[PDB]
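Note: the block below is work-v5.pdb and it holds PDB, C-alpha atoms (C1' of nucleotides) and all ligand atoms.
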```
MODEL        1
ATOM      1  CA  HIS N  15     -48.809 -32.438 -88.380
ATOM      2  CA  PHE N  16     -50.898 -29.301 -88.829
ATOM      3  CA  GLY N  17     -53.009 -28.281 -91.804
ATOM      4  CA  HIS N  18     -55.427 -25.445 -92.572
ATOM      5  CA  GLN N  19     -58.904 -24.457 -91.379
ATOM      6  CA  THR N  20     -62.044 -26.488 -91.992
ATOM      7  CA  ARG N  21     -63.474 -23.492 -93.861
ATOM      8  CA  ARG N  22     -61.652 -24.106 -97.166
ATOM      9  CA  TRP N  23     -60.429 -27.717 -97.320
ATOM     10  CA  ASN N  24     -60.274 -29.961-100.380
ATOM     11  CA  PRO N  25     -62.116 -33.328-100.271
ATOM     12  CA  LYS N  26     -59.474 -34.881-102.518
ATOM     13  CA  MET N  27     -57.360 -35.074 -99.327
ATOM     14  CA  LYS N  28     -59.838 -37.095 -97.253
ATOM     15  CA  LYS N  29     -57.117 -39.763 -97.370
ATOM     16  CA  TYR N  30     -54.814 -37.553 -95.361
ATOM     17  CA  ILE N  31     -56.618 -35.866 -92.466
ATOM     18  CA  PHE N  32     -55.960 -37.451 -89.085
ATOM     19  CA  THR N  33     -57.567 -36.650 -85.728
ATOM     20  CA  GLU N  34     -58.729 -33.068 -86.294
ATOM     21  CA  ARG N  35     -58.825 -30.387 -83.588
ATOM     22  CA  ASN N  36     -59.982 -26.790 -82.955
ATOM     23  CA  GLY N  37     -60.697 -25.417 -86.409
ATOM     24  CA  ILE N  38     -57.627 -26.886 -88.081
ATOM     25  CA  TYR N  39     -57.076 -30.338 -89.538
ATOM     26  CA  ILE N  40     -54.161 -32.651 -88.788
ATOM     27  CA  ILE N  41     -52.355 -35.048 -91.121
ATOM     28  CA  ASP N  42     -51.497 -38.773 -91.116
ATOM     29  CA  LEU N  43     -47.748 -38.726 -90.547
ATOM     30  CA  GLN N  44     -47.321 -42.382 -91.539
ATOM     31  CA  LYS N  45     -48.897 -41.721 -94.914
ATOM     32  CA  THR N  46     -46.500 -38.772 -95.124
ATOM     33  CA  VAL N  47     -43.614 -41.152 -94.351
ATOM     34  CA  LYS N  48     -44.526 -43.525 -97.169
ATOM     35  CA  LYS N  49     -44.981 -40.671 -99.611
ATOM     36  CA  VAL N  50     -41.599 -39.158 -98.808
ATOM     37  CA  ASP N  51     -40.138 -42.649 -99.192
ATOM     38  CA  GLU N  52     -41.478 -42.929-102.738
ATOM     39  CA  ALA N  53     -40.496 -39.342-103.514
ATOM     40  CA  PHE N  54     -36.956 -39.666-102.164
ATOM     41  CA  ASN N  55     -36.421 -42.934-104.033
ATOM     42  CA  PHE N  56     -37.787 -41.360-107.208
ATOM     43  CA  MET N  57     -35.704 -38.190-106.906
ATOM     44  CA  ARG N  58     -32.567 -40.291-106.537
ATOM     45  CA  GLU N  59     -33.604 -42.511-109.462
ATOM     46  CA  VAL N  60     -34.208 -39.424-111.619
ATOM     47  CA  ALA N  61     -31.027 -37.498-110.871
ATOM     48  CA  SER N  62     -28.858 -40.623-111.165
ATOM     49  CA  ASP N  63     -28.456 -39.623-114.841
ATOM     50  CA  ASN N  64     -27.222 -36.135-113.814
ATOM     51  CA  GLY N  65     -30.524 -34.584-114.825
ATOM     52  CA  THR N  66     -31.766 -31.043-114.261
ATOM     53  CA  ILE N  67     -34.014 -30.453-111.266
ATOM     54  CA  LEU N  68     -36.012 -27.272-110.666
ATOM     55  CA  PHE N  69     -37.430 -25.938-107.387
ATOM     56  CA  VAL N  70     -40.275 -23.505-106.806
ATOM     57  CA  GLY N  71     -40.592 -21.340-103.706
ATOM     58  CA  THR N  72     -43.055 -18.674-104.828
ATOM     59  CA  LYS N  73     -44.512 -18.757-101.294
ATOM     60  CA  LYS N  74     -42.990 -16.373 -98.737
ATOM     61  CA  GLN N  75     -42.312 -18.896 -95.980
ATOM     62  CA  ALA N  76     -40.238 -21.113 -98.314
ATOM     63  CA  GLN N  77     -38.408 -18.573-100.477
ATOM     64  CA  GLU N  78     -35.444 -18.708 -98.091
ATOM     65  CA  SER N  79     -35.613 -22.462 -97.510
ATOM     66  CA  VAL N  80     -35.737 -23.315-101.215
ATOM     67  CA  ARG N  81     -32.957 -20.823-101.889
ATOM     68  CA  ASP N  82     -30.675 -22.285 -99.214
ATOM     69  CA  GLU N  83     -31.240 -25.900-100.281
ATOM     70  CA  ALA N  84     -30.759 -24.928-103.917
ATOM     71  CA  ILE N  85     -27.459 -23.128-103.356
ATOM     72  CA  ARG N  86     -26.286 -26.096-101.283
ATOM     73  CA  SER N  87     -27.466 -28.597-103.904
ATOM     74  CA  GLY N  88     -26.439 -26.953-107.185
ATOM     75  CA  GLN N  89     -29.865 -27.443-108.776
ATOM     76  CA  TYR N  90     -32.003 -24.662-110.008
ATOM     77  CA  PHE N  91     -34.731 -22.691-108.269
ATOM     78  CA  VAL N  92     -37.287 -19.893-108.389
ATOM     79  CA  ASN N  93     -38.670 -17.699-105.597
ATOM     80  CA  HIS N  94     -39.956 -14.485-107.174
ATOM     81  CA  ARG N  95     -42.966 -14.555-109.575
ATOM     82  CA  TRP N  96     -43.324 -17.516-111.928
ATOM     83  CA  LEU N  97     -42.846 -16.065-115.406
ATOM     84  CA  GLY N  98     -45.716 -17.543-117.372
ATOM     85  CA  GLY N  99     -43.825 -19.450-120.025
ATOM     86  CA  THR N 100     -40.794 -20.745-118.067
ATOM     87  CA  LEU N 101     -40.888 -24.141-119.799
ATOM     88  CA  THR N 102     -43.482 -23.706-122.546
ATOM     89  CA  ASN N 103     -42.069 -20.348-123.684
ATOM     90  CA  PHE N 104     -38.611 -21.618-122.747
ATOM     91  CA  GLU N 105     -37.270 -20.388-126.085
ATOM     92  CA  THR N 106     -37.870 -16.755-125.176
ATOM     93  CA  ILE N 107     -36.924 -17.249-121.556
ATOM     94  CA  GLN N 108     -33.637 -18.558-122.965
ATOM     95  CA  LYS N 109     -33.381 -15.435-125.102
ATOM     96  CA  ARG N 110     -33.543 -13.491-121.839
ATOM     97  CA  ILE N 111     -30.869 -15.827-120.458
ATOM     98  CA  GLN N 112     -28.610 -14.979-123.397
ATOM     99  CA  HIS N 113     -29.360 -11.306-122.830
ATOM    100  CA  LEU N 114     -28.317 -11.367-119.171
ATOM    101  CA  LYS N 115     -25.215 -13.341-120.147
ATOM    102  CA  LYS N 116     -24.346 -10.703-122.744
ATOM    103  CA  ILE N 117     -24.761  -7.890-120.231
ATOM    104  CA  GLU N 118     -22.559  -9.434-117.567
ATOM    105  CA  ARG N 119     -19.966 -10.330-120.208
ATOM    106  CA  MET N 120     -20.065  -6.839-121.714
ATOM    107  CA  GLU N 121     -19.496  -5.128-118.389
ATOM    108  CA  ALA N 122     -16.148  -6.871-117.794
ATOM    109  CA  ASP N 123     -14.820  -8.752-120.824
ATOM    110  CA  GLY N 124     -16.218  -6.730-123.695
ATOM    111  CA  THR N 125     -16.234  -2.962-123.431
ATOM    112  CA  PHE N 126     -17.972  -1.727-120.290
ATOM    113  CA  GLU N 127     -18.763   1.823-121.404
ATOM    114  CA  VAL N 128     -20.378   2.775-124.704
ATOM    115  CA  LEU N 129     -22.772   5.503-123.435
ATOM    116  CA  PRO N 130     -22.282   8.414-120.989
ATOM    117  CA  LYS N 131     -24.651   7.243-118.209
ATOM    118  CA  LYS N 132     -26.688   4.386-119.703
ATOM    119  CA  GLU N 133     -24.683   1.676-117.929
ATOM    120  CA  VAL N 134     -25.436   2.438-114.282
ATOM    121  CA  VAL N 135     -28.683   4.125-115.328
ATOM    122  CA  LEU N 136     -30.408   1.324-117.245
ATOM    123  CA  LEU N 137     -28.138  -1.681-117.750
ATOM    124  CA  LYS N 138     -27.680  -2.215-114.010
ATOM    125  CA  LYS N 139     -31.340  -1.615-113.137
ATOM    126  CA  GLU N 140     -32.304  -4.063-115.887
ATOM    127  CA  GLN N 141     -29.778  -6.617-114.656
ATOM    128  CA  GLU N 142     -31.209  -6.268-111.148
ATOM    129  CA  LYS N 143     -34.686  -6.835-112.568
ATOM    130  CA  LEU N 144     -33.518  -9.916-114.451
ATOM    131  CA  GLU N 145     -31.824 -11.477-111.417
ATOM    132  CA  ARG N 146     -35.021 -10.604-109.533
ATOM    133  CA  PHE N 147     -36.604 -13.489-111.525
ATOM    134  CA  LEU N 148     -34.037 -15.693-113.216
ATOM    135  CA  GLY N 149     -32.183 -16.450-109.978
ATOM    136  CA  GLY N 150     -30.674 -19.885-110.330
ATOM    137  CA  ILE N 151     -32.137 -20.940-113.679
ATOM    138  CA  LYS N 152     -29.723 -18.766-115.689
ATOM    139  CA  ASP N 153     -27.403 -21.780-115.985
ATOM    140  CA  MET N 154     -30.197 -24.313-116.666
ATOM    141  CA  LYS N 155     -29.352 -25.115-120.275
ATOM    142  CA  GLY N 156     -32.037 -27.747-120.936
ATOM    143  CA  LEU N 157     -35.492 -28.344-119.558
ATOM    144  CA  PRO N 158     -35.905 -29.950-116.142
ATOM    145  CA  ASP N 159     -36.053 -33.685-115.757
ATOM    146  CA  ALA N 160     -38.238 -33.090-112.693
ATOM    147  CA  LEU N 161     -39.926 -30.313-110.757
ATOM    148  CA  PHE N 162     -40.496 -29.543-107.078
ATOM    149  CA  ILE N 163     -43.210 -27.204-105.825
ATOM    150  CA  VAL N 164     -44.267 -25.985-102.390
ATOM    151  CA  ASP N 165     -47.858 -24.822-102.859
ATOM    152  CA  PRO N 166     -49.826 -25.975-105.946
ATOM    153  CA  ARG N 167     -52.614 -23.663-104.807
ATOM    154  CA  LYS N 168     -50.331 -20.658-105.321
ATOM    155  CA  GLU N 169     -48.180 -22.123-108.084
ATOM    156  CA  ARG N 170     -50.817 -23.500-110.439
ATOM    157  CA  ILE N 171     -49.144 -22.182-113.600
ATOM    158  CA  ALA N 172     -45.922 -24.073-112.944
ATOM    159  CA  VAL N 173     -47.956 -27.180-112.162
ATOM    160  CA  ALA N 174     -50.115 -26.847-115.250
ATOM    161  CA  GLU N 175     -47.269 -26.242-117.674
ATOM    162  CA  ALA N 176     -45.192 -29.097-116.284
ATOM    163  CA  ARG N 177     -48.287 -31.266-116.658
ATOM    164  CA  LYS N 178     -48.679 -30.212-120.285
ATOM    165  CA  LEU N 179     -45.014 -30.975-120.913
ATOM    166  CA  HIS N 180     -45.474 -34.245-118.989
ATOM    167  CA  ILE N 181     -42.544 -33.378-116.768
ATOM    168  CA  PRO N 182     -42.847 -35.306-113.487
ATOM    169  CA  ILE N 183     -43.677 -32.963-110.618
ATOM    170  CA  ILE N 184     -43.700 -33.393-106.855
ATOM    171  CA  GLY N 185     -44.543 -31.235-103.905
ATOM    172  CA  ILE N 186     -45.959 -30.607-100.478
ATOM    173  CA  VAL N 187     -49.721 -30.084-100.224
ATOM    174  CA  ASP N 188     -51.684 -28.326 -97.520
ATOM    175  CA  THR N 189     -55.321 -29.329 -97.036
ATOM    176  CA  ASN N 190     -56.445 -26.556 -99.390
ATOM    177  CA  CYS N 191     -54.391 -27.990-102.258
ATOM    178  CA  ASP N 192     -55.322 -30.788-104.672
ATOM    179  CA  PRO N 193     -53.138 -33.927-105.000
ATOM    180  CA  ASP N 194     -54.828 -35.338-108.087
ATOM    181  CA  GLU N 195     -52.766 -33.023-110.294
ATOM    182  CA  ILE N 196     -49.556 -33.970-108.451
ATOM    183  CA  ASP N 197     -47.788 -37.228-109.301
ATOM    184  CA  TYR N 198     -45.836 -38.153-106.129
ATOM    185  CA  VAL N 199     -47.466 -35.790-103.655
ATOM    186  CA  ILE N 200     -46.390 -35.366-100.019
ATOM    187  CA  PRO N 201     -49.088 -34.352 -97.482
ATOM    188  CA  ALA N 202     -47.899 -31.636 -95.125
ATOM    189  CA  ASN N 203     -48.600 -28.055 -94.129
ATOM    190  CA  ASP N 204     -46.686 -25.523 -96.205
ATOM    191  CA  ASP N 205     -47.264 -22.321 -94.188
ATOM    192  CA  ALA N 206     -44.870 -23.134 -91.310
ATOM    193  CA  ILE N 207     -41.233 -22.135 -91.644
ATOM    194  CA  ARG N 208     -39.434 -25.190 -90.264
ATOM    195  CA  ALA N 209     -41.286 -28.031 -91.990
ATOM    196  CA  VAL N 210     -40.874 -26.935 -95.610
ATOM    197  CA  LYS N 211     -37.139 -26.613 -94.980
ATOM    198  CA  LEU N 212     -37.168 -29.937 -93.153
ATOM    199  CA  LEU N 213     -38.557 -31.670 -96.231
ATOM    200  CA  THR N 214     -36.468 -29.984 -98.907
ATOM    201  CA  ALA N 215     -33.455 -31.007 -96.847
ATOM    202  CA  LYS N 216     -34.213 -34.684 -97.524
ATOM    203  CA  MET N 217     -35.172 -33.944-101.106
ATOM    204  CA  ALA N 218     -31.894 -32.137-101.801
ATOM    205  CA  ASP N 219     -29.970 -34.911-100.066
ATOM    206  CA  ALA N 220     -31.620 -37.243-102.573
ATOM    207  CA  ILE N 221     -29.872 -35.469-105.467
ATOM    208  CA  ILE N 222     -26.595 -34.799-103.663
ATOM    209  CA  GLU N 223     -26.185 -38.504-102.878
ATOM    210  CA  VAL N 224     -26.003 -39.279-106.626
ATOM    211  CA  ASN N 225     -24.767 -36.195-108.519
ATOM    212  CA  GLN N 226     -21.319 -37.569-107.618
TER     213      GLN N 226
ATOM    214  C1'   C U   1     -65.073   4.000-158.638
ATOM    215  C1'   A U   2     -59.082   0.373-162.757
ATOM    216  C1'   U U   3     -53.891   2.674-161.080
ATOM    217  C1'   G U   4     -49.009   4.365-159.563
ATOM    218  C1'   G U   5     -46.674   8.341-157.259
ATOM    219  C1'   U U   6     -47.687  12.906-154.564
ATOM    220  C1'   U U   7     -51.221  15.215-150.827
ATOM    221  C1'   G U   8     -54.976  16.519-146.683
ATOM    222  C1'   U U   9     -57.458  14.353-142.759
ATOM    223  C1'   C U  10     -58.560  12.096-137.804
ATOM    224  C1'   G U  11     -53.661  13.509-135.220
ATOM    225  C1'   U U  12     -47.619  14.780-133.550
ATOM    226  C1'   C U  13     -53.588  12.068-131.090
ATOM    227  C1'   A U  14     -50.709   7.847-128.492
ATOM    228  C1'   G U  15     -51.930   4.673-129.900
ATOM    229  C1'   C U  16     -51.610   0.033-134.089
ATOM    230  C1'   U U  17     -49.606  -4.768-134.197
ATOM    231  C1'   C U  18     -46.714  -9.238-134.047
ATOM    232  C1'   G U  19     -43.391 -14.192-132.807
ATOM    233  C1'   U U  20     -43.625 -17.804-128.977
ATOM    234  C1'   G U  21     -46.698 -19.190-124.770
ATOM    235  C1'   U U  22     -51.462 -19.784-122.325
ATOM    236  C1'   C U  23     -57.261 -19.516-121.785
ATOM    237  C1'   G U  24     -61.433 -20.235-124.886
ATOM    238  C1'   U U  25     -65.152 -25.735-128.795
ATOM    239  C1'   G U  26     -64.677 -21.253-131.496
ATOM    240  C1'   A U  27     -64.782 -16.285-133.188
ATOM    241  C1'   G U  28     -61.811 -14.033-129.985
ATOM    242  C1'   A U  29     -58.801 -12.860-125.614
ATOM    243  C1'   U U  30     -53.938 -12.386-123.153
ATOM    244  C1'   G U  31     -50.022  -9.380-123.825
ATOM    245  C1'   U U  32     -51.975  -3.752-124.895
ATOM    246  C1'   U U  33     -55.942  -4.506-118.732
ATOM    247  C1'   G U  34     -54.965  -2.944-113.321
ATOM    248  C1'   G U  35     -52.487   0.700-109.062
ATOM    249  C1'   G U  36     -49.480   4.921-109.697
ATOM    250  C1'   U U  37     -47.038   8.571-112.818
ATOM    251  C1'   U U  38     -45.966  11.010-117.295
ATOM    252  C1'   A U  39     -46.698  15.501-122.631
ATOM    253  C1'   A U  40     -46.579  10.444-124.242
ATOM    254  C1'   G U  41     -48.824   1.669-124.171
ATOM    255  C1'   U U  42     -43.299   7.405-121.019
ATOM    256  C1'   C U  43     -41.561   4.810-116.791
ATOM    257  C1'   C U  44     -42.126   1.624-111.967
ATOM    258  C1'   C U  45     -45.122  -2.316-108.861
ATOM    259  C1'   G U  46     -48.293  -6.167-109.964
ATOM    260  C1'   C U  47     -50.343  -9.872-113.142
ATOM    261  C1'   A U  48     -50.460 -16.137-117.836
ATOM    262  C1'   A U  49     -47.442 -13.990-119.973
ATOM    263  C1'   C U  50     -42.364 -13.350-121.805
ATOM    264  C1'   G U  51     -40.437 -10.203-125.649
ATOM    265  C1'   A U  52     -40.179  -7.567-130.042
ATOM    266  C1'   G U  53     -41.669  -3.901-134.247
ATOM    267  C1'   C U  54     -44.104   0.549-135.878
ATOM    268  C1'   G U  55     -45.051   4.999-133.450
ATOM    269  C1'   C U  56     -43.561   8.402-128.487
ATOM    270  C1'   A U  57     -38.897  10.140-126.754
ATOM    271  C1'   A U  58     -33.990  10.870-128.276
ATOM    272  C1'   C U  59     -30.153  11.247-132.734
ATOM    273  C1'   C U  60     -31.033  16.467-136.886
ATOM    274  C1'   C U  61     -31.606  22.246-137.643
ATOM    275  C1'   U U  62     -32.278  26.826-135.139
ATOM    276  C1'   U U  63     -32.334  30.101-130.784
ATOM    277  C1'   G U  64     -30.491  31.016-125.819
ATOM    278  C1'   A U  65     -24.356  31.685-122.581
ATOM    279  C1'   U U  66     -19.148  30.642-123.236
ATOM    280  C1'   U U  67     -13.704  28.606-124.750
ATOM    281  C1'   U U  68      -9.912  27.797-128.998
ATOM    282  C1'   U U  69      -8.916  28.656-134.250
ATOM    283  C1'   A U  70      -8.916  32.587-138.103
ATOM    284  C1'   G U  71      -9.377  38.282-138.581
ATOM    285  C1'   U U  72     -11.202  40.517-144.334
ATOM    286  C1'   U U  73     -15.107  42.985-147.514
ATOM    287  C1'   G U  74     -16.302  42.882-140.514
ATOM    288  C1'   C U  75     -14.679  45.510-135.306
ATOM    289  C1'   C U  76     -12.267  50.345-133.144
ATOM    290  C1'   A U  77     -10.684  49.833-126.883
ATOM    291  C1'   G U  78      -5.934  51.710-125.868
ATOM    292  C1'   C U  79      -3.906  55.522-130.364
ATOM    293  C1'   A U  80      -3.082  59.376-133.679
ATOM    294  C1'   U U  81      -5.790  61.938-137.817
TER     295        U U  81
HETATM  296 MG    MG V 301     -39.729  12.426-132.359
ENDMDL
END
```

Would you write the structure of this file as structure tokens?
Ligand SMILES: [Mg+2]
Amino acid sequence: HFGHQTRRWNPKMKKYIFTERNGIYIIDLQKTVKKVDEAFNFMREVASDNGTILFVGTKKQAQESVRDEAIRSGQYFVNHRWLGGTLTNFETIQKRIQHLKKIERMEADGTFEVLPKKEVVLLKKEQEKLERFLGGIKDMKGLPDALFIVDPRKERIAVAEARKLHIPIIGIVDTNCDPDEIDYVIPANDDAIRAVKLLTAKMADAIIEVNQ
RNA sequence: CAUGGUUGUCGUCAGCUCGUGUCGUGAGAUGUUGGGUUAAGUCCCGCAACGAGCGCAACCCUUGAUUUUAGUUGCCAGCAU
């Protein structure tokens, strides 16, 4: 399967090139098979306790894929910017959670109107801006028991903070990326639209098989 | 030039900070920079930061038009004197 140019590759993935071609490297699919075996097994073994599982899709080409798998799988996700402090500053992110909860309870259950225009002026624009980040994780009460990423080159903050928390992380890696930070890495290109979906399908099946 | 309290002053300038987080051996930084915009760290997009406080703004008084209430010590149109 494809990779990225020979101009900016990472030698940590010498294990994973296979039979290169015009400008772009290609990946050892059998290695990929074994890695997805370990990762699928481990995802199932993690979520067998009904844990909390977080997805990252900060990259354009996998926003939609991550979102679709996450809504099908009932486990939390992110696609817009990674708020620096998601899990380290989780206290204050959870303050923001409580705030959003208060707003959407105040609009319907408590009194909707207390000001003359402030509701549709500011409260709704703010609630848009909150959903523009918090997405799925609004109902993630505790920390994750495991994390999925799609591009540890783009998503280094999420990777780094999960590492500091010693949360187990997993994720696809293009040739530019670095697996040594990842625990149960999967070699594959992350810029194509079909493949990232094709992997998160299996990795959401892994949790759906056992959330029951 | 021991002090309180009161006061000018930079300057009604838009700035000064902080909890948690992160980077840095560390002091420190981040946030508070940037691109725009605004009278204004005002507000939006973006960002290893997310948020908050003091300030800014607004709530106050006054002036600027008008409705209802009340019409004397004010007013005088329609009226006589
Ligand atoms: Mg003021």

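Residues from chain N found within 8 Å of chain U are residues 97, 98, 99, 102, 103, 105, 106, 107 and 171 of chain N, counting all atoms listed in the file.
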
Take the selection from the previous step and output its residues with C-alpha atoms, as a short mmCIF file (atom, residue, chain, number, x, y, z; two decimals), keeping the file's coordinate frame.
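As a result, again_27.cif now contains:
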```cif
data_model
loop_
_atom_site.label_atom_id
_atom_site.label_comp_id
_atom_site.auth_asym_id
_atom_site.auth_seq_id
_atom_site.Cartn_x
_atom_site.Cartn_y
_atom_site.Cartn_z
CA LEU N 97 -42.85 -16.07 -115.41
CA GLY N 98 -45.72 -17.54 -117.37
CA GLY N 99 -43.82 -19.45 -120.02
CA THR N 102 -43.48 -23.71 -122.55
CA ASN N 103 -42.07 -20.35 -123.68
CA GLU N 105 -37.27 -20.39 -126.08
CA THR N 106 -37.87 -16.76 -125.18
CA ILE N 107 -36.92 -17.25 -121.56
CA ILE N 171 -49.14 -22.18 -113.60
#
```

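What the PyMOL selection byres (((not hetatm)) within 10 of (chain V and resi 301)) matches in the given file is residues 12, 55, 56, 57, 58 and 59 of chain U.
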
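The spacing separating atom CA of residue 92 of chain N from atom CA of residue 223 of chain N amounts to 22.4 Å.
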
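Nearest to residue 205 of chain N of all the residues N:175, N:192, N:118, N:165 is N:165, based on only C-alpha atoms.
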
I'd like the residues picked by the PyMOL selection byres (((chain N and resi 20) around 12) and not hetatm) written out as a VMD selection string, using the chain letters and numbers from the file. chain N and resid 16 to 19 21 to 25 31 34 to 40 188 to 190

If we count all atoms listed in the file and set the cut-off at 8 Å, which residues sit around segment 41-57 of chain N, ignoring sequence neighbours fewer than 4 positions away in its own chain? Please answer as a PDB file with C-alpha atoms, keeping the file's coordinate frame.
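Saved as part35.pdb:
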```
ATOM      1  CA  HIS N  15     -48.809 -32.438 -88.380  1.00  0.00           C
ATOM      2  CA  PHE N  16     -50.898 -29.301 -88.829  1.00  0.00           C
ATOM      3  CA  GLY N  17     -53.009 -28.281 -91.804  1.00  0.00           C
ATOM      4  CA  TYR N  30     -54.814 -37.553 -95.361  1.00  0.00           C
ATOM      5  CA  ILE N  31     -56.618 -35.866 -92.466  1.00  0.00           C
ATOM      6  CA  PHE N  32     -55.960 -37.451 -89.085  1.00  0.00           C
ATOM      7  CA  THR N  33     -57.567 -36.650 -85.728  1.00  0.00           C
ATOM      8  CA  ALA N  61     -31.027 -37.498-110.871  1.00  0.00           C
ATOM      9  CA  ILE N 184     -43.700 -33.393-106.855  1.00  0.00           C
ATOM     10  CA  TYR N 198     -45.836 -38.153-106.129  1.00  0.00           C
ATOM     11  CA  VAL N 199     -47.466 -35.790-103.655  1.00  0.00           C
ATOM     12  CA  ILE N 200     -46.390 -35.366-100.019  1.00  0.00           C
ATOM     13  CA  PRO N 201     -49.088 -34.352 -97.482  1.00  0.00           C
ATOM     14  CA  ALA N 202     -47.899 -31.636 -95.125  1.00  0.00           C
ATOM     15  CA  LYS N 216     -34.213 -34.684 -97.524  1.00  0.00           C
ATOM     16  CA  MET N 217     -35.172 -33.944-101.106  1.00  0.00           C
ATOM     17  CA  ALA N 220     -31.620 -37.243-102.573  1.00  0.00           C
ATOM     18  CA  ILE N 221     -29.872 -35.469-105.467  1.00  0.00           C
TER      19      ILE N 221
END
```

Computed gap from atom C1' of residue 16 of chain U to atom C1' of residue 41 of chain U is 10.4 Å

Explicit residue set for the PyMOL selection byres (((chain N and resi 149) around 12) and not hetatm), as a PyMOL selection string: chain N and resi 68-71+77+80-81+84-85+89-97+111+114+141-148+150-154

Report the distance between atom CA of residue 67 of chain N and atom CA of residue 186 of chain N in Å, rounded to one decimal place. 16.1 Å

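Residues within 10 Å of segment 176-181 of chain N, counting only C-alpha atoms (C1' of nucleotides) and excluding same-chain residues fewer than 6 positions away, are residues 100, 101, 102, 157, 158, 159, 160, 161, 170, 195, 196 and 197 of chain N.
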
Given 3 Å on each side, where is the centre and what are the edge lengths in Å to one decimal of the axis-aligned box enclosing the listed atoms of segment 149-156 of chain N, as JSON?
```
{"center_x": -29.8, "center_y": -22.1, "center_z": -115.5, "size_x": 10.8, "size_y": 17.3, "size_z": 17.0}
```

Leaving out residue 226 of chain N and any residue of its chain fewer than 6 positions from it, which residues lie within 12 Å of it when counting all atoms listed in the file, given as a PyMOL selection string? chain N and resi 58+61-64+87-88+219-220

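Here the question is which of N:66, N:187, N:120, N:134 gets nearest to residue 163 of chain N using only C-alpha atoms, and that residue is N:187.
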